[PDB]
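Engineer: Input: one structure, supplied below.
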Amino acid sequence: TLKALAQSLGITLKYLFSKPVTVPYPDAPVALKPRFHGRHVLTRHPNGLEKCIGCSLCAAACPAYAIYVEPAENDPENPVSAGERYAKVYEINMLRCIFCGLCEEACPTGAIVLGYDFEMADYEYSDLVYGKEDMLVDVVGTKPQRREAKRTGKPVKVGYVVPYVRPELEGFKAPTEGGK
Amino acid sequence: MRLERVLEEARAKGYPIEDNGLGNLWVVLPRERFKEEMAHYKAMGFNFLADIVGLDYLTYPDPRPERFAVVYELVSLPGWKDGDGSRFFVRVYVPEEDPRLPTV
Amino acid sequence: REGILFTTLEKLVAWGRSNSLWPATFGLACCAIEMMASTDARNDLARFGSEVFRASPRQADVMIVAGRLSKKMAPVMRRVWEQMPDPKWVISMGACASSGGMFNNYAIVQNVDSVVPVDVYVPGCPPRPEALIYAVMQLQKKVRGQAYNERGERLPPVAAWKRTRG
Amino acid sequence: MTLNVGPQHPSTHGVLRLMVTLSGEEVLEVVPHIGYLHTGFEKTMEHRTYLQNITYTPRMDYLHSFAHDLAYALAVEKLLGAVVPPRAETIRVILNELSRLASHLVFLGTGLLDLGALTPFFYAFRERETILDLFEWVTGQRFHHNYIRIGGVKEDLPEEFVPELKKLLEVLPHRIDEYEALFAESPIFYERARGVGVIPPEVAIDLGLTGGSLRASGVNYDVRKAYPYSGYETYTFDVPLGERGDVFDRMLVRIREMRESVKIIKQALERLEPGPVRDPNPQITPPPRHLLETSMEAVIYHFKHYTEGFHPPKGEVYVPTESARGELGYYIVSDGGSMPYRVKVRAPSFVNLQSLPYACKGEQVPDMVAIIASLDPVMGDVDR
Amino acid sequence: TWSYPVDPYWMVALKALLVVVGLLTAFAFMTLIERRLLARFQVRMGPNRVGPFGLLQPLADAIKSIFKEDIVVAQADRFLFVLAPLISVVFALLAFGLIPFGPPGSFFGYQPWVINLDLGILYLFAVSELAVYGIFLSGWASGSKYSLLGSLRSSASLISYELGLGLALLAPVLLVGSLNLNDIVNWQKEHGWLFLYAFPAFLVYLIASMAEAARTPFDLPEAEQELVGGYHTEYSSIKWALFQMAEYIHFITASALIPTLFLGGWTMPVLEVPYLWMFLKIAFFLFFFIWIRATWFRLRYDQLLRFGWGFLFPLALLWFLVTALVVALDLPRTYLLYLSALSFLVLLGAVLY
Ligand code: SF4
Ligand code: SF4
């Protein structure tokens, strides 16, 4: 009955004058937690040496089969990774990546570490099979972001923050409450 | 427990009685006698027919009597004013040649 | 006859078109539940020309193909697409749609782009709402013609001249 | 006439093609026509590993994801006889109940949306976000999760988890009430709901309805009580019940559930302390990765686990469980391969839908929309 | 008028022209406030980009509407299709120039209306039939019996309510002894604002004007996020915009009349501020409905039909009759005052338990 109808209005009215709680994107960075799963990064050692060996353990883990990995045996004089095997081609089709995370768990080099990326979307199928060098810990954005930032000449931002890094990542420093 | 008067009966009628150590039980019946048997059960106070899982044993690494096998799960809802929690399966091997079986 | 072919008109009209985007979501998946999320309650879309969020092509021309689908849905979707007005854009939302995630099966349709042409992919199942925002920002500047591909290659300001429009 | 309400409409988003035999001002019967989506998960998963199958489990329940997952987990766990740490089990209930709340949030959110006043949805959603934020924290995933792992979850809780969890338990009681506040009075609420949603308890079982439909008709039937599975034995909580099949009844039940759920949370927090988070039998469990560094045997098992994945023994198995959506269970035949030889899923909502032409006998035409909505369709059950 | 101004054909025209486009711009920015006020109401940020405050978004919207296919579909006839929105907008536009905006000869000394007639009430009442004409016509035009059936509901219901509005307008004509607005206003100028005089008629009127198309019984089927109105969803572009537009124009028209009626529009013995006082009354009721609109539900027309017809209309004419008794014997109008006030007081007391 009738009382309620009034009470209904009451509360909502409180809320009306309440200054809201919503966060504008991309105008205050999204709040993420360190375990969050963005775009995979390929890590390296302080020895400047890529951790991955083309472990390809992930590939058994990927139910989508989202990984095309051509292996190779490192240079003995100039090894691109200290190991005797590396990933001569590292491709990931993001169009079906499962971002298994199990992925990470199987990889023993800890090469693969989910990012904080999500700013990925483009118009063309085959551009969205992200490559090796797009999948590093050394890039400064997403593929479209970056590609924009050259033609526009603008710099970068990514619009997220975490409380702090995930320990797993230990290279790249992201915006963390202190960046955007 | 509602189950038990079915069990002695099943035994009486010599039906093989499968049991997993996980306490799941099947009763292996022929097609013909099923309907009526199952009629008797509902009458005996079987509340709830939960499932019908159709099984294809096309390829299996052990022999089975038939390729197609149905399995009913009957239950007695104890939370109802009747019932005992009496839950059990009935399996009924099925000729591939005739993919028939009277409904329930 | 659509607002083009003088300097003035095309920028004008294009601003109009770009900023008024009216999403018609084509839920059939988890996407939808994130989509209602995507609407409100953290972020808005009304500041991107959207009060339209609902089921009439009689209200919209922004097609968001949102979710993993089956064979049975292809002609349906096709027809729904057809029953939109002449300029119209195709977002392919999420992985589930875009290339069929983790299913390889008869039942499903993989590579939704089969059924209708696409202009925008936005991967991830689930993605973040915000990614979709980023996507429509893309789509904004895309229909504005201030876009390319990752090879610097230009493209039309519509989804709708990749296969037949109607 | 036979009216054809097609898929994706209006914002009810079942694939629904519905043949409504009308009197031109009434509903007589609906022949529902469905199955316009489907995958055949059950098939696919025999072509993936057991580990892999855990991907599939939350991918057919938008709502309480974790329940499917759990139910499947349990089945496996039983089969090879694996045990789960107490702390693990603590966590598992917490997530489960958190997921139940989520479900309810979405249920009522949609309820409002579907028809009736639109707005309060957004508030319920605010809370949902809070829940989501909790999920985000611990699993890095908004929803869909894999945190639960065989033998127990795969890593420890955040510390950050504790503050926020308390926080939201503070706010919610009051909030819950205020949603409830909209319903019970509003005499229009009455006039839209009370009369409709009819079905005898007797027929609820005959046509198959599951708790919160069955218990929406106040028939006590918690599968957590009846076939009590882990932890719940030793947790107090009661059954929330209605006493008749109507929309009206349903709606109030859910609110009560939430409060029960919250007390279970409350209970849980007390019973929470350090412990290993999964079974330490490395035969059956993947080993810790902080030890690959160390032994070969580790490396071997590790490698093996994530490649081939174990062989469970031959067996069929079923466990009945109480999901948010009703009677849940997996009938799993494994042949002892690396993949099962049968994955049957018990999908409650699907069975609950059988009772729709019945449920919707002789109803009124604007009412019929709600009557669908009130039952809660998640199309995954149906479509599979 | 028998004591009131006149102005050239040209000046008349100008005022008209202005007032039309004024109401366009009105509708535009109204949408903005509605959107934003909605957001805020449900604790949310809104249009703020492309503004500041989303200002230019309506432009975009309008521009969107144009440059589009705008076609008739087979199984409909062309002429009817075109006419059917047209009609509704003309007649929606029409009827607002009747009503004033301030004190006489004071729109820069020129008359503060566009037409003024001598027969206020009639005109309004008359216009009230013509919108619903547009509606059902559209239904039929569309050639889906689905659309049609909705429209039949709609119209039927509307028309039901339309009648109660009739029974309302007799009552003030009693009091003033006249039906032209100005005098009516002026009646309140001496004695005071008319809802005092007849709270249940204020009340019953109020709730009947709800029953206008206004998205506030808020089922009809209305269109936008329910089973739809048949005057939409078989429409396209600009034509669709028109319908939506119309619903809002009604909304505000009604929102204006209620001030007109129960207050003076700009009577307020405290101060004279013409235009200001108009808006303030507008504003009040405007928000008032919107607050209802938000926080209250979609109402099955089944319920509604039962509701208005059986209870609401009979009680309204009943109140009239009573007042007519008093007025016929021409008794102290104080004698109504007490009662009016009391009935409200009663029916107010009735709320809580
Ligand atoms: S990323 Fe890891 S798992 Fe993948 S190939 Fe490299 S070392 Fe192996
Ligand atoms: S991409 Fe993920 S969230 Fe989207 S429909 Fe597929 S499974 Fe659902």
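Here, A, B, ... name the chains of the structure tokens in the order displayed, residue numbers run from 1 inside each chain, and ligands are numbered from 1 in the same displayed order.
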Show me, as a PyMOL selection string, the residues that have an atom within 8 Å of segment 7-20 of chain D when counting only C-alpha atoms, minus same-chain residues fewer than 6 positions from it.
Structural biologist: (chain C and resi 26-28+54-55) or (chain D and resi 1+27-37+114+373+377-379) or (chain E and resi 225-227)
Engineer: As a quick test: using only C-alpha atoms and all ligand atoms, which residues lie no more than 6 Å away from ligand 1? Give them as a PyMOL selection string.
Structural biologist: chain A and resi 52-58+107-112
Engineer: Could the residues in this selection be written to a file with N, CA and C atoms, as a tab-separated table (two decimals), in the first residue's frame?
Structural biologist:
```
chain	number	residue	atom	x	y	z
A	52	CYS	N	61.69	-17.10	-21.69
A	52	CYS	CA	61.08	-18.16	-22.44
A	52	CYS	C	62.03	-18.92	-23.26
A	53	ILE	N	61.72	-20.21	-23.36
A	53	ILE	CA	62.53	-21.12	-24.09
A	53	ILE	C	61.69	-21.78	-25.09
A	54	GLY	N	60.41	-21.38	-25.19
A	54	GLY	CA	59.57	-21.95	-26.19
A	54	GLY	C	59.16	-23.25	-25.59
A	55	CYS	N	58.77	-23.14	-24.33
A	55	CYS	CA	58.47	-24.15	-23.40
A	55	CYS	C	57.33	-24.90	-23.95
A	56	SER	N	56.35	-24.16	-24.47
A	56	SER	CA	55.26	-24.66	-25.26
A	56	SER	C	54.41	-25.62	-24.51
A	57	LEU	N	54.38	-25.43	-23.20
A	57	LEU	CA	53.66	-26.21	-22.23
A	57	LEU	C	52.25	-25.73	-22.20
A	58	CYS	N	52.20	-24.40	-22.29
A	58	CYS	CA	51.07	-23.58	-22.57
A	58	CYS	C	50.28	-24.18	-23.67
A	107	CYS	N	53.96	-22.76	-17.93
A	107	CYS	CA	55.20	-22.20	-18.42
A	107	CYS	C	56.20	-22.22	-17.31
A	108	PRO	N	57.43	-22.53	-17.55
A	108	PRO	CA	58.26	-22.83	-16.41
A	108	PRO	C	59.29	-21.76	-16.37
A	109	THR	N	59.26	-20.88	-17.37
A	109	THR	CA	60.19	-19.82	-17.53
A	109	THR	C	59.53	-18.64	-16.93
A	110	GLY	N	58.21	-18.78	-16.64
A	110	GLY	CA	57.36	-17.72	-16.18
A	110	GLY	C	57.33	-16.64	-17.19
A	111	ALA	N	57.49	-17.01	-18.47
A	111	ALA	CA	57.59	-16.08	-19.54
A	111	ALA	C	56.34	-15.29	-19.64
A	112	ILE	N	55.25	-16.03	-19.56
A	112	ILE	CA	53.94	-15.57	-19.81
A	112	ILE	C	53.34	-15.19	-18.53
```
Engineer: D:112, D:265, D:150, D:73: which is nearest chain E, counting only C-alpha atoms?
Structural biologist: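 Of D:112, D:265, D:150, D:73, the one nearest chain E is D:112, counting only C-alpha atoms.
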Engineer: Residues of segment 24-102 of chain B in strand (DSSP E or B) according to DSSP, as a PyMOL selection string?
Structural biologist: chain B and resi 24-29+48-56+68-75+88-94
Engineer: Have a look at atom CA of residue 304 of chain D and atom CA of residue 70 of chain D and let me know their distance in Å, one decimal.
Structural biologist: 24.4 Å
Engineer: Would you mind listing, as a list in words, all residues of chain A that have at least one atom within 7 Å of chain D, where only C-alpha atoms are what counts?
Structural biologist: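 Written out as asked, the residues are residues 1, 2, 4, 5, 8, 33, 35, 36, 37, 60, 61, 63 and 106 of chain A.
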Engineer: Do you know which residues are within 6 Å of ligand 2 using only C-alpha atoms and all ligand atoms? Can you write them as a ChimeraX atom specification?
Structural biologist: /C:29-31,67-68,94-96,124-126 /D:59
Engineer: Run DSSP on the backbone of this structure and report the residues of segment 38-160 of chain A it assigns to alpha helix (DSSP H), as an NGL selection string.
Structural biologist: :A and (58-61 or 102-106 or 143-151)
Engineer: Please identify all polymer residues within 10 Å of segment 289-294 of chain E, counting only C-alpha atoms, omitting same-chain residues fewer than 4 positions from it, and present them as a PDB file with C-alpha atoms, in the first residue's frame.
Structural biologist:
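As a result, around_19.pdb now contains:
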```pdb
ATOM      1  CA  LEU A   5       5.384   4.686  -2.304  1.00  0.00           C
ATOM      2  CA  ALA A   6       6.464   7.654  -0.323  1.00  0.00           C
ATOM      3  CA  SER A   8      10.583   4.705  -2.044  1.00  0.00           C
ATOM      4  CA  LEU A   9      10.854   8.289  -3.130  1.00  0.00           C
ATOM      5  CA  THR A  12      16.044   7.816  -3.858  1.00  0.00           C
ATOM      6  CA  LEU A  13      15.902  11.498  -3.066  1.00  0.00           C
TER       7      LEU A  13
ATOM      8  CA  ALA D 117       9.789  -0.054 -12.282  1.00  0.00           C
ATOM      9  CA  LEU D 118      13.120  -0.027 -13.829  1.00  0.00           C
ATOM     10  CA  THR D 119      15.469   1.846 -11.553  1.00  0.00           C
ATOM     11  CA  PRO D 120      16.339  -0.198  -8.366  1.00  0.00           C
TER      12      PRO D 120
ATOM     13  CA  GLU E  34      15.582  14.347 -18.200  1.00  0.00           C
ATOM     14  CA  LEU E  37      18.195  14.187 -13.855  1.00  0.00           C
ATOM     15  CA  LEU E  38      17.551  10.550 -14.290  1.00  0.00           C
ATOM     16  CA  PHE E  41      18.355  10.326  -9.403  1.00  0.00           C
ATOM     17  CA  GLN E  42      19.721   6.830  -9.798  1.00  0.00           C
ATOM     18  CA  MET E 210      -1.450  11.423 -15.398  1.00  0.00           C
ATOM     19  CA  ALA E 214       3.292  11.022 -20.722  1.00  0.00           C
ATOM     20  CA  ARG E 215       5.202   7.784 -20.066  1.00  0.00           C
ATOM     21  CA  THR E 216       3.901   7.781 -16.481  1.00  0.00           C
ATOM     22  CA  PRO E 217       1.079   5.244 -16.168  1.00  0.00           C
ATOM     23  CA  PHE E 218       4.181   4.008 -17.893  1.00  0.00           C
ATOM     24  CA  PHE E 251       3.765  15.830 -20.813  1.00  0.00           C
ATOM     25  CA  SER E 255       2.387  20.144 -16.699  1.00  0.00           C
ATOM     26  CA  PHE E 284       7.379  21.568  -9.544  1.00  0.00           C
ATOM     27  CA  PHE E 285       4.846  19.350 -11.237  1.00  0.00           C
ATOM     28  CA  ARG E 298       4.425  -0.226 -15.185  1.00  0.00           C
TER      29      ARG E 298
END
```
Engineer: As a PDB file with N, CA and C atoms, in the first residue's frame, please: the residues near segment 162-167 of chain A (cut-off 6 Å, only C-alpha atoms, same-chain neighbours under 2 positions excluded).
Structural biologist:
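The result, written out as part20.pdb:
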```pdb
ATOM      1  N   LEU A  32      42.002  -1.995 -10.413  1.00  0.00           N
ATOM      2  CA  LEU A  32      42.275  -3.361 -10.696  1.00  0.00           C
ATOM      3  C   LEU A  32      43.049  -3.834  -9.536  1.00  0.00           C
ATOM      4  N   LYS A  33      43.162  -5.165  -9.443  1.00  0.00           N
ATOM      5  CA  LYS A  33      43.778  -5.838  -8.348  1.00  0.00           C
ATOM      6  C   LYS A  33      44.937  -6.532  -8.980  1.00  0.00           C
ATOM      7  N   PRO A  34      45.973  -6.947  -8.280  1.00  0.00           N
ATOM      8  CA  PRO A  34      47.208  -7.370  -8.916  1.00  0.00           C
ATOM      9  C   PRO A  34      47.085  -8.690  -9.595  1.00  0.00           C
ATOM     10  N   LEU A 169      55.153 -10.093 -12.240  1.00  0.00           N
ATOM     11  CA  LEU A 169      55.750  -9.121 -13.089  1.00  0.00           C
ATOM     12  C   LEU A 169      56.707  -8.442 -12.198  1.00  0.00           C
ATOM     13  N   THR A 176      50.284   2.844 -11.165  1.00  0.00           N
ATOM     14  CA  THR A 176      49.912   2.223  -9.942  1.00  0.00           C
ATOM     15  C   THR A 176      49.862   3.403  -9.061  1.00  0.00           C
TER      16      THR A 176
END
```
Engineer: Using only C-alpha atoms, determine which residues lie at most 8 Å from segment 55-59 of chain B, disregarding the query and same-chain residues fewer than 5 positions distant; provide the list as a PyMOL selection string.
Structural biologist: (chain B and resi 64+66-71) or (chain D and resi 342)
Engineer: In Å, rounded to a single decimal, give me how far atom CA of residue 193 of chain E is from atom CA of residue 205 of chain E.
Structural biologist: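 Computing the Euclidean distance for atom CA of residue 205 of chain E and atom CA of residue 193 of chain E yields 15.0 Å.
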Engineer: Identify, on the basis of only C-alpha atoms, every residue whose closest approach to segment 361-365 of chain D does not exceed 10 Å; exclude the query and any residue fewer than 3 positions from it along the same chain; express the result as a ChimeraX atom specification.
Structural biologist: /D:20-30,196-199,356-358,368-371 /E:300,302
Engineer: Which residue out of D:67, D:204, D:132, D:359 has the minimum interatomic distance to chain B when only C-alpha atoms are used?
Structural biologist: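 For chain B, the nearest of the given residues is D:204.
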Engineer: What is the atom CA of residue 114 of chain A-atom CA of residue 38 of chain A distance in Å, reported with one decimal?
Structural biologist: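 Between atom CA of residue 114 of chain A and atom CA of residue 38 of chain A the gap is 5.1 Å.
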Engineer: Give me the residues within 12 Å of residue 12 of chain E as a PyMOL selection string, counting only C-alpha atoms and dropping any in the same chain fewer than 2 places off.
Structural biologist: chain E and resi 5-10+14-19+97+110-116
Engineer: Go through D:39, D:217, D:236, D:323 and flag the residue nearest chain B, using only C-alpha atoms for the distances.
Structural biologist: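 Result for the nearest residue to chain B: D:217.
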Engineer: Would you write out, as a tab-separated table, a table of all residues in chain C that have an atom no more than 12 Å from an atom of chain E, listing for each the closest atom pair and the distance in Å to one decimal, considering only C-alpha atoms and ordering rows by chain and rising residue number?
Structural biologist:
```
residue	atom	partner	partner_atom	distance
C:1	CA	E:67	CA	7.3
C:2	CA	E:67	CA	4.6
C:3	CA	E:67	CA	6.6
C:4	CA	E:67	CA	10.1
C:9	CA	E:63	CA	11.0
C:10	CA	E:67	CA	11.4
C:11	CA	E:60	CA	11.8
C:12	CA	E:63	CA	8.8
C:13	CA	E:63	CA	6.5
C:14	CA	E:63	CA	9.0
C:15	CA	E:60	CA	6.9
C:16	CA	E:60	CA	3.8
C:17	CA	E:64	CA	5.1
C:18	CA	E:60	CA	7.9
C:19	CA	E:60	CA	6.0
C:20	CA	E:61	CA	5.2
C:21	CA	E:61	CA	8.4
C:22	CA	E:61	CA	9.3
C:24	CA	E:225	CA	11.7
C:39	CA	E:44	CA	10.6
C:40	CA	E:44	CA	7.3
C:41	CA	E:44	CA	6.4
C:42	CA	E:44	CA	7.4
C:43	CA	E:45	CA	7.2
C:44	CA	E:46	CA	5.8
C:45	CA	E:46	CA	7.4
C:46	CA	E:47	CA	5.3
C:47	CA	E:47	CA	3.7
C:48	CA	E:47	CA	7.4
C:49	CA	E:57	CA	6.4
C:50	CA	E:61	CA	9.3
C:51	CA	E:35	CA	8.1
C:52	CA	E:224	CA	8.2
C:53	CA	E:225	CA	8.6
C:54	CA	E:225	CA	6.2
C:55	CA	E:225	CA	7.5
C:56	CA	E:233	CA	6.5
C:57	CA	E:233	CA	8.0
C:58	CA	E:233	CA	5.3
C:59	CA	E:236	CA	7.6
C:60	CA	E:237	CA	9.2
C:61	CA	E:64	CA	10.0
C:62	CA	E:64	CA	11.8
C:83	CA	E:234	CA	10.4
C:84	CA	E:236	CA	9.1
C:85	CA	E:69	CA	5.9
C:86	CA	E:69	CA	5.9
C:87	CA	E:68	CA	7.2
C:88	CA	E:68	CA	10.1
C:165	CA	E:69	CA	11.7
C:166	CA	E:69	CA	9.9
```
Engineer: Grab the residues selected above and save them as a short mmCIF file (atom, residue, chain, number, x, y, z; two decimals), in the first residue's frame with N, CA and C atoms.
Structural biologist:
```cif
data_model
loop_
_atom_site.label_atom_id
_atom_site.label_comp_id
_atom_site.auth_asym_id
_atom_site.auth_seq_id
_atom_site.Cartn_x
_atom_site.Cartn_y
_atom_site.Cartn_z
N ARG C 1 23.34 11.54 -51.09
CA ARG C 1 22.29 12.23 -50.30
C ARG C 1 22.29 11.63 -48.92
N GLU C 2 23.23 12.09 -48.04
CA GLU C 2 23.44 11.56 -46.71
C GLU C 2 24.29 12.53 -45.89
N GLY C 3 24.70 13.70 -46.46
CA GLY C 3 25.36 14.75 -45.69
C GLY C 3 26.84 14.94 -45.90
N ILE C 4 27.30 15.00 -47.17
CA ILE C 4 28.68 14.81 -47.54
C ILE C 4 28.88 15.72 -48.72
N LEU C 9 29.60 19.92 -44.68
CA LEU C 9 28.56 18.96 -44.48
C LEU C 9 29.09 17.71 -43.92
N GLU C 10 30.14 17.19 -44.54
CA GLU C 10 30.63 15.91 -44.17
C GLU C 10 31.16 15.91 -42.77
N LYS C 11 31.87 16.97 -42.32
CA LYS C 11 32.33 17.01 -40.96
C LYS C 11 31.23 17.16 -39.99
N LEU C 12 30.26 18.01 -40.36
CA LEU C 12 29.11 18.28 -39.56
C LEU C 12 28.37 17.04 -39.27
N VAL C 13 27.81 16.47 -40.34
CA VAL C 13 26.98 15.32 -40.32
C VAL C 13 27.69 14.18 -39.69
N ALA C 14 28.99 14.02 -40.00
CA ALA C 14 29.77 12.96 -39.43
C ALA C 14 29.93 13.08 -37.96
N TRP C 15 30.03 14.32 -37.43
CA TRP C 15 30.07 14.55 -36.02
C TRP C 15 28.77 14.11 -35.44
N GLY C 16 27.66 14.49 -36.10
CA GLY C 16 26.33 14.12 -35.70
C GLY C 16 26.17 12.65 -35.55
N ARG C 17 26.63 11.91 -36.58
CA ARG C 17 26.45 10.50 -36.67
C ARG C 17 27.25 9.85 -35.61
N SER C 18 28.51 10.28 -35.50
CA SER C 18 29.48 9.68 -34.63
C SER C 18 29.10 9.80 -33.20
N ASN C 19 28.58 10.96 -32.82
CA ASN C 19 28.34 11.21 -31.44
C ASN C 19 27.01 10.69 -30.92
N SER C 20 26.07 10.36 -31.83
CA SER C 20 24.76 9.85 -31.48
C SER C 20 24.57 8.36 -31.38
N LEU C 21 25.65 7.57 -31.32
CA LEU C 21 25.58 6.13 -31.37
C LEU C 21 24.59 5.47 -30.45
N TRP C 22 23.68 4.67 -31.03
CA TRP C 22 22.57 4.10 -30.34
C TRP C 22 22.78 2.64 -30.40
N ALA C 24 22.20 -1.22 -30.11
CA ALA C 24 21.30 -2.32 -30.01
C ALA C 24 22.15 -3.51 -29.73
N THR C 39 26.34 -0.39 -18.97
CA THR C 39 25.46 0.69 -19.24
C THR C 39 25.67 1.63 -18.13
N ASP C 40 25.43 1.15 -16.91
CA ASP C 40 25.19 1.98 -15.77
C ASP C 40 26.30 1.76 -14.80
N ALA C 41 26.18 2.43 -13.65
CA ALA C 41 26.54 1.86 -12.38
C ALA C 41 28.00 1.92 -12.17
N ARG C 42 28.70 2.67 -13.01
CA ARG C 42 30.09 2.82 -12.85
C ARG C 42 30.41 3.75 -13.92
N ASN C 43 29.85 3.48 -15.09
CA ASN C 43 30.07 4.28 -16.24
C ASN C 43 28.79 4.31 -16.94
N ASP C 44 28.70 5.31 -17.82
CA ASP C 44 27.52 5.80 -18.45
C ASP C 44 27.77 5.53 -19.89
N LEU C 45 26.80 5.85 -20.75
CA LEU C 45 26.90 5.71 -22.17
C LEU C 45 26.04 6.76 -22.78
N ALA C 46 25.38 7.56 -21.93
CA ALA C 46 24.41 8.55 -22.31
C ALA C 46 25.13 9.76 -22.79
N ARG C 47 26.43 9.79 -22.53
CA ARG C 47 27.34 10.83 -22.85
C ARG C 47 28.00 10.43 -24.13
N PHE C 48 27.46 9.38 -24.79
CA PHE C 48 27.91 8.88 -26.06
C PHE C 48 26.71 8.58 -26.88
N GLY C 49 25.61 9.28 -26.57
CA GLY C 49 24.49 9.38 -27.45
C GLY C 49 23.66 8.16 -27.37
N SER C 50 23.42 7.66 -26.14
CA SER C 50 22.76 6.40 -25.98
C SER C 50 21.76 6.50 -24.88
N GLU C 51 20.46 6.39 -25.23
CA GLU C 51 19.36 6.14 -24.31
C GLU C 51 18.83 4.84 -24.84
N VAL C 52 19.22 4.54 -26.10
CA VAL C 52 18.90 3.38 -26.85
C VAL C 52 19.94 2.42 -26.42
N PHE C 53 19.45 1.25 -26.03
CA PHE C 53 20.17 0.22 -25.36
C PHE C 53 19.32 -1.00 -25.55
N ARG C 54 18.24 -0.89 -26.37
CA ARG C 54 17.16 -1.84 -26.34
C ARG C 54 16.73 -2.23 -27.72
N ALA C 55 15.89 -3.29 -27.76
CA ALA C 55 15.58 -4.09 -28.92
C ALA C 55 14.62 -3.48 -29.89
N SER C 56 15.05 -2.45 -30.64
CA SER C 56 14.42 -2.21 -31.90
C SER C 56 15.51 -1.74 -32.79
N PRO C 57 15.64 -2.24 -34.02
CA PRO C 57 16.50 -1.65 -35.04
C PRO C 57 15.86 -0.41 -35.53
N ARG C 58 14.68 -0.12 -34.96
CA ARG C 58 13.79 0.94 -35.24
C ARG C 58 14.14 2.04 -34.29
N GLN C 59 15.38 2.03 -33.79
CA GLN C 59 15.81 2.85 -32.70
C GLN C 59 17.28 2.93 -32.82
N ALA C 60 17.88 2.15 -33.75
CA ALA C 60 19.31 1.99 -33.72
C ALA C 60 19.84 1.57 -35.06
N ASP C 61 21.18 1.65 -35.19
CA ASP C 61 21.92 1.20 -36.33
C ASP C 61 23.28 0.74 -35.86
N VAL C 62 23.50 0.62 -34.53
CA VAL C 62 24.79 0.17 -34.07
C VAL C 62 24.50 -1.22 -33.61
N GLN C 83 16.86 -5.57 -41.12
CA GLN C 83 15.74 -4.75 -40.76
C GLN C 83 16.19 -3.55 -39.96
N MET C 84 17.40 -3.04 -40.27
CA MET C 84 17.93 -1.82 -39.75
C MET C 84 17.93 -0.86 -40.89
N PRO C 85 17.99 0.42 -40.63
CA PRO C 85 18.23 1.43 -41.64
C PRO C 85 19.59 1.39 -42.25
N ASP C 86 19.77 2.22 -43.30
CA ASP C 86 20.73 1.98 -44.35
C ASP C 86 22.12 2.13 -43.81
N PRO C 87 22.53 3.17 -43.10
CA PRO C 87 23.87 3.18 -42.57
C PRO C 87 23.79 2.42 -41.28
N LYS C 88 24.79 1.57 -40.99
CA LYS C 88 24.73 0.71 -39.85
C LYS C 88 26.08 0.14 -39.67
N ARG C 165 24.30 -3.66 -48.60
CA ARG C 165 23.53 -2.99 -47.56
C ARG C 165 22.05 -3.01 -47.87
N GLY C 166 21.25 -3.40 -46.85
CA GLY C 166 19.82 -3.28 -46.89
C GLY C 166 19.28 -3.98 -45.64
#
```
